[PDB]
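J.:
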Amino acid sequence: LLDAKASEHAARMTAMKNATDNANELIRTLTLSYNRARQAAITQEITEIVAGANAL
Amino acid sequence: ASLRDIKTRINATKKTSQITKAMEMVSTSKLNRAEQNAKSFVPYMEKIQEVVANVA
Amino acid sequence: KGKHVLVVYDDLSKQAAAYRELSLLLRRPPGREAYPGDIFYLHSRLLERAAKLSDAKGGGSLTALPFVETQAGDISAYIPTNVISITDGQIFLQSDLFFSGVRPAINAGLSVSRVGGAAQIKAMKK
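Chains as they are written, first to last, in the deposited numbering: chain A, 229 to 284; chain B, 2 to 57; chain C, 252 to 377.
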């Protein structure tokens with residue numbers, strides 16, 4: 229049972245390591261998408277204001 | 002999708018990464034303490050297995 | 252005349268699109284998302300005409316059930332916010348609930364009804 233507990237703790241430690249790595253990869257990919265999203269939003273805002281201003 | 006969806010997903014991933022890292026940091030101490038507990042019984046096991054191996 | 256009417260408007264979003272078309276073709280100054288400055292005035296004027304008349308006036312009533320369509324769940328667009336602010340309550344339908352076998356797909360969490368409790372028989376209230 230003692231070596232069983234040691235194996236259980238080691239398995240938890242390695243699994244949490246892997247989970248953290250995967251979470252950080254998801255975070256970087258999602259931020260990389262966030263950048264283009266907010267950039268397009270800014271362009272829409274500026275274009276919508278300026279095209280309305282131009283014609284009138 | 003929208004900045005709302007992207008930031009919500011990023012926040013969920015952030016929270017999950019926090020939880021996983023906390024679990025890992027908990028598990029490291031458990032591994033070390035399990036090892037130093039397993040170190041304790043070794044002479045007792047050696048003694049009993051010595052006696053049984055003698056009588057074997 | 253003392254009767255009761257149930258009025259259903261199928262797409263206030265489409266109505267607002269038509270009014271935006273007219274406003275732009277008449278060269279009126281545009282607001283956010285090219286919508287005219289008085290789209291909220293239009294919708295408020297339309298929706299504030301549902302009422303529950305007093306027994307002095309006959310006791311009649313007229314209830315309205317407007318519909319607003321959202322793009323991929325964005326409830327924060329101009330027309331959705333305008334209509335959400337006006338009405339007494341909202342019922343939210345979601346594709347996540349709809350395809351998971353939960354139909355009708357009312358999200359009971361987000362949905363609200365301020366009048367509720369005075370519109371329910373005592374047995375249902377209990």
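Virtual Cβ for every residue (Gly too), placed ideally from N, Cα, C.
Since C/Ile357 and C/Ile342 are thought to touch, with beta carbons under 8 Å apart, how far apart are those beta carbons, to the nearest angstrom?
T.: 6 Å
J.: Mind checking the region 364-376 of chain C against chain A and listing, in chain order, the residues whose C-beta falls within less than 7 Å of any C-beta there?
T.: For the region 364-376 of chain C, which is checked against every Cβ of chain A, not one residue is closer than 7 Å.
J.: Here's a check: name, in chain order, each residue in its chain whose Cβ is nearer than 8 Å to the Cβ of C/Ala302, leaving out the five neighbours to either side.
T.: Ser312 and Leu313
J.: Just to confirm, are C/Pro317 and C/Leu293 a CB contact at a threshold of 8 Å?
T.: no
J.: Identify whether B/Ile11 lies in helix, strand or coil by the three-state DSSP scheme.
T.: In the structure shown, the three-state DSSP call for B/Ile11 is helix.
J.: Against chain B, with Cβ distances strictly below 8 Å, would A/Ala265 count as a contact?
T.: yes
J.: Any beta carbon of chain B sitting closer than 8 Å to that of C/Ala323?
T.: yes
J.: For a cutoff of 8 Å on Cβ pairs, would you count A/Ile255 as touching chain B?
T.: yes
J.: Please state whether the Cβ-Cβ distance between B/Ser18 and A/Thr248 is less than 8 Å.
T.: With contacts defined as CB atoms closer than 8 Å, B/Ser18 and A/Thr248 qualify as a contacting pair.
J.: Tell me which same chain residues have a C-beta within less than 6 Å of the C-beta of C/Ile330, skipping the five on either side of it?
T.: Result list for C/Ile330: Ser264 and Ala267, in chain order.
J.: Look at the alpha carbon of C/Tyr270 and the alpha carbon of A/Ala243, and state the distance between them as a whole number of angstroms.
T.: 58 Å
J.: Using a Cβ-Cβ cutoff of 8 Å, what residues of the region 278-306 of chain C are near chain A? List them in chain order.
T.: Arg278, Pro280, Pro281, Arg283, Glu284 and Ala285
J.: At least one CB of chain B closer than 8 Å to the CB of A/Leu230: is that the case?
T.: yes
J.: Let me know if B/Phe42 comes out buried or exposed under the rule of 16 or more other beta-carbons within 10 Å of its beta-carbon.
T.: exposed
J.: Exposed or buried, A/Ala251, counting other C-beta atoms within 10 Å across all chains shown (16 or more means buried)?
T.: buried
J.: Quick one: does A/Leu284 have its CB under 8 Å from some CB of chain C?
T.: Yes, because at least one Cβ of chain C sits closer than 8 Å to the Cβ of A/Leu284.
J.: By Cβ distance, which residues of its chain are closer than 8 Å to B/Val53, with the 5 residues on each side in sequence left out?
T.: none
J.: Note down the Cα distance separating A/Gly280 from C/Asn333, rounded to an integer number of angstroms.
T.: 21 Å
J.: Do B/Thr21 and A/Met241 have their C-beta atoms closer together than 8 Å?
T.: By the CB criterion at 8 Å, B/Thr21 and A/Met241 fall outside the cutoff.
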